[PDB]
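Below is the structure I would like to discuss, written out as structure tokens.
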Amino acid sequence: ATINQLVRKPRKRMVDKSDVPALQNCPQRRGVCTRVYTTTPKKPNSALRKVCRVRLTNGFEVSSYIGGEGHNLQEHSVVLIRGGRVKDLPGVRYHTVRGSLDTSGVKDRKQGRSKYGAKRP
Amino acid sequence: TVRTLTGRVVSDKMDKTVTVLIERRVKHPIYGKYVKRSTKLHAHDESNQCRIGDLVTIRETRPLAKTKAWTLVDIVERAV
Amino acid sequence: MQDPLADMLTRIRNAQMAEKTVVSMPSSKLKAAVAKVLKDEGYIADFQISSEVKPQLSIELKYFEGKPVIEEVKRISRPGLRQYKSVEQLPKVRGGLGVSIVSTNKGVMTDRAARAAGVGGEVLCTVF
Amino acid sequence: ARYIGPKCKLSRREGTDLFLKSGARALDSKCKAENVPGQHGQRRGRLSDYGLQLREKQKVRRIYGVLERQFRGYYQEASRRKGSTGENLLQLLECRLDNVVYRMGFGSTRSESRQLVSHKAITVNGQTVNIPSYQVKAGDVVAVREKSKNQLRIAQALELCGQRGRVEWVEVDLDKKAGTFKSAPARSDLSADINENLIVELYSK
Amino acid sequence: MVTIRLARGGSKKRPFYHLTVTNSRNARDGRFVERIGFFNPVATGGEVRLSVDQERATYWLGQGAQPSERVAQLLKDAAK
Amino acid sequence: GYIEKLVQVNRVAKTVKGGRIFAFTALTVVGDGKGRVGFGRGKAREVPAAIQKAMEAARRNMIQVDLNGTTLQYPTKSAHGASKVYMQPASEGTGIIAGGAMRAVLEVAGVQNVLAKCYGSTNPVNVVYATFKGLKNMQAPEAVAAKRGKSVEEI
RNA sequence: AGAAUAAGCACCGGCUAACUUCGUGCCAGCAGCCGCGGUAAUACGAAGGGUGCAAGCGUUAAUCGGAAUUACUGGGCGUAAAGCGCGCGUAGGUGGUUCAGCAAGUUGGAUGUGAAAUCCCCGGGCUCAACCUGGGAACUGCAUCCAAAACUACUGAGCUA
RNA sequence: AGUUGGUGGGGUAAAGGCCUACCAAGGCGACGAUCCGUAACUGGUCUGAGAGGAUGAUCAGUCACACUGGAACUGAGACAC
């Protein structure tokens, strides 16, 4: 606090590490699905969320949430992954963009179509 | 006319040259406190008079060694 | 010890918390001169120097409605961080109601006079 | 762009006489102004502090038909210009060519004035300006293009402008169908039902 | 060679020229030693078509600067 | 002619032998809108009773703030129990730039052009105390001249 | 010549402006945080309604702000994280009081420089704007010179707190 | 250990360990030398009430590079896209 103590050692600012290290300062990355599975949420929640392990183009292996109702993804499927974690899913820190490359948009969606890659009918 | 600097000499174990310490006081850009700074310069002394501890004056002058661009004006105070 | 001036302000400030009438303390050029600004500004009633080999400085104090006239007095140019300002950069205490004593080269004198005189200096203390 | 749609809902949501309809009939005889539009028009519920500012913001926006991007820039220019950000605000969008023509009475509503101005039917200072957002100055003369002099719409609206409150800061010559902008109005000249201080506070969020 | 030339400093389909004193090796809109005036070929109302600052124009001309074929015509037009 | 504003309504509780009891606490600020202001608290079992008990309590504890006119006089800082508040006078036109907890206080007290900021804790009850202490300690220029025994020439 | 060729996106539990019904029933799913959904869900999917924005609308990625949450302005250390177990002491930081000198700091002014563009102020030209441009301001800095001696630094001479 | 000075000589358009011969043991460093990782720099740009923080696209000034390493030639000017 002393102005002399500050002169020798200036105040230091911490730099928080990104919560999406596998994305590497890019808005989205392309990867392929190595394993499609369902997992169980934490204490409060109880469901079967669809998550897939993705091998990204920079070599990172991550698991990203598959949003929406129903998906057509299996092994060896090219997907685009976006940031944003899932709070009730441990270890999931990315989202799979529906409507790009192989992952088709959710069928029969009417509200919030752009967020889930849904065509206008 | 010509900018001459004043400082305390620190070393004279060389031949025909003496090293002078320059005292500066630059404020910290943020904390605004004067911190004493050091500027050791290799001054040239055509003949040797200055011993350690004497205040002398020097001019930016001809580069006449690889680290010697300043030469003496005179002794303003002698460390008796 | 290492800041006789700030001892002056804190001696004054402590007394006004205790509703004392007069204070005593060793005098100096700065202490007497700052008392000059305070008296001519009306924050202190009067000050005297007891001229002896060890001189004191005595200030009698002012209260208007029981509350001391000096609501707050704060040292600025402490020895650890001496503060120097230009004429334009001189502080305005409480939007001009207060006084920021500035030791210019025309003697010790207020911030209002320093702007009029067009000279800066060491911002010693602020009063209100 | 511009809002195209039913106009009472804009007034019904707020509950103030928005001048989106000509003064031929009072709004109560045309629409249920005592309820907000939609299925739940008969409810209650106090508006939050932020909601009041936002509703105040959209009243100025909907009256003159302005989108906020221009309004935010209009706020920025009002914040730029010296003086109070309050009255610097309303003058900026009161000097619009469409709004000035509406004050001249060439259109019964600002929607008529905007279409009439945008259709090259108005020349200010002798040059055709077909943009709603032109900023007219003091002493500028605004006239209708000579081919558009026989328009019944300005012919109808000029009389409708009589029973709307004669605005002082501009004068109109009926025979020439041309008017001159004397000077920008002050706060007293505009309606006091607005709260321009809610405009500034909202944009500080 | 120091030269007085026009630096295109306007906009698309709306040219504006700065009468610029510069070395001939520098780019058209790049480095220069001094700008002295400007020329507006599309000036409409209160825009001054050509301002020359006749004083400094002579000094660089006396120093050996060689105006281009456009500036020389504009220089005469300013004095005519 | 008294403008009244609600700062917050809070649901507190205490436990007894068997279950818990719920009490509603509301703090409101009252004032004439030009020169008078007052704040008060009230606890009652129900909100319509709660906001009302705050009303008389606020109107019974009011002071006289000495504004410069449509704005405050000098930039001041006031603190009360880990809640620090800074308020600064502003030119004509800018609205009430202050936190929603104190925005009611300046707007009710007649202040319309001021810049304010909350430092430290932002408990609405405590910040209201802090701004109140700053507004109460407000001094008009003629009062300061009286303290120093001079005219308005001190400016 | 003919309204004729031209409206979509996000959201509606609180934060945050904006709600009902139907189907599902801790499943499906939503989700920035609080969290919602286990059979009468304003929080899931759909419909209607509304809200905000509009040839754009949302999501992500990143910086600053909010964050007084590295606190110089502008934070703390009895118990919330934080006084070294305790002395001495080197560099450093800071130093009682009086007189005189000096002028590095300090203050004012002048000069040179601080490229142009940009930021900002007043105008001008594109139907306005974006954009361009005239002039001014600024570049809070550095260097030199001239004045001043309240305080600091230095020098010389003292005094006893 | 040409390391840091000195002396003589050579060399450059020019001073200089730039090079060399000899003499001395010097020179830098907690005011951070040396080493490791990263990185073109600035005017500026973003954000912020400001102080600050982040950043160095377009445009402008400087610098370095031209498939990798090195070298000279010509030329006023290069160790030359």
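Note on naming: letters A, B, ... go to the chains in the order of the sequence lines (proteins, then strands), and numbering restarts at 1 for each one. Keep in mind that the numbers below use all heavy atoms, side chains included, and drop hydrogens, waters and symmetry copies.
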*If each of A/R85 and C/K31 is mapped to the nucleotide of RNA chain G with the nearest heavy atom, which maps nearer the 5' terminus, i.e. the 5' end?*
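That would be A/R85.
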*Counting only Watson-Crick or G-U wobble pairs whose two distances fall under 3.5 Å, which nucleotide matches G/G29?*
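G/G29 is paired, partner G/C36.
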*What about H/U55 and H/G44: are they a Watson-Crick or G-U wobble pair, with both distances under 3.5 Å?*
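Given the Watson-Crick and G-U criteria, H/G44 is paired with H/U55.
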*Using the glycosidic torsion, which applies to G/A4: syn (within 90° of 0) or anti (everything else)?*
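Base orientation relative to the sugar is syn.
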*5′-ward residue of the pair B/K40/B/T67 relative to RNA chain H*: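 Closer to the 5' end of RNA chain H: B/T67.
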*Have a look at A/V97 and say if it touches a base, only the backbone sugar-phosphate, or nothing, with a 4.0 Å heavy-atom cut-off.*
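It contacts nothing in the nucleic acid.
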Nucleotides 9-12 of chain G: which of its N/O atoms have a protein N/O under 3.5 Å away?
from: G/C9; atom 1: OP1; to: A/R113; atom 2: NE; distance (Å): 3.2
from: G/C9; atom 1: OP1; to: A/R113; atom 2: NH2; distance (Å): 2.3
from: G/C9; atom 1: OP1; to: A/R120; atom 2: NH1; distance (Å): 3.3
from: G/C9; atom 1: OP2; to: A/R120; atom 2: NH1; distance (Å): 2.7
from: G/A10; atom 1: OP1; to: A/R113; atom 2: N; distance (Å): 3.1
from: G/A10; atom 1: OP1; to: A/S114; atom 2: N; distance (Å): 2.7
from: G/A10; atom 1: OP1; to: A/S114; atom 2: OG; distance (Å): 3.2
from: G/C11; atom 1: OP1; to: A/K115; atom 2: NZ; distance (Å): 3.2

*asked:* Any base atoms under 4.0 Å from A/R82, or only sugar-phosphate, or nothing? Heavy atoms, all strands.
replied: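 Sugar-phosphate: the residue A/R82, judged by heavy atoms under 4.0 Å, touches backbone atoms but no base.
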*Take nucleotides 44-65 of chain H nucleotide by nucleotide from the 5' end and write B, S or -, depending on whether a protein heavy atom sits under 4.0 Å from the base, only from the sugar-phosphate, or from neither.*
--------SS------SSS---
_Of C/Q83, C/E122, C/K85, the residue whose pairing with C/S77 passes side-chain hydrogen bond (donor to acceptor under 3.5 Å, both in side chains)_ =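 Filter result, single survivor: C/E122.
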*Look at B/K36 and G/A153 and indicate whether a side-chain polar atom (N or O) is within less than 4.0 Å of OP1 or OP2.*
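No.
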*Has C/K106 got a side-chain N or O lying under 4.0 Å from the OP1 or OP2 atom of G/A149?*
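Negative; the distance criterion is not met.
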*Taking OP1 and OP2 of G/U98, is either one under 4.0 Å from a side-chain nitrogen or oxygen of C/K54?*
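Answer is no, no contact under 4.0 Å.
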*Mark yes or no: A/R109 above the aromatic ring of A/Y116, with NZ or CZ under 6.0 Å from the six-membered ring centre and no more than 45 degrees from the axis.*
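Yes, A/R109 sits over the ring of A/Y116.
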_B/S/- contact track for nucleotides 124-135 of chain G, protein heavy atom under 4.0 Å_ = BBSBB--SSSS-
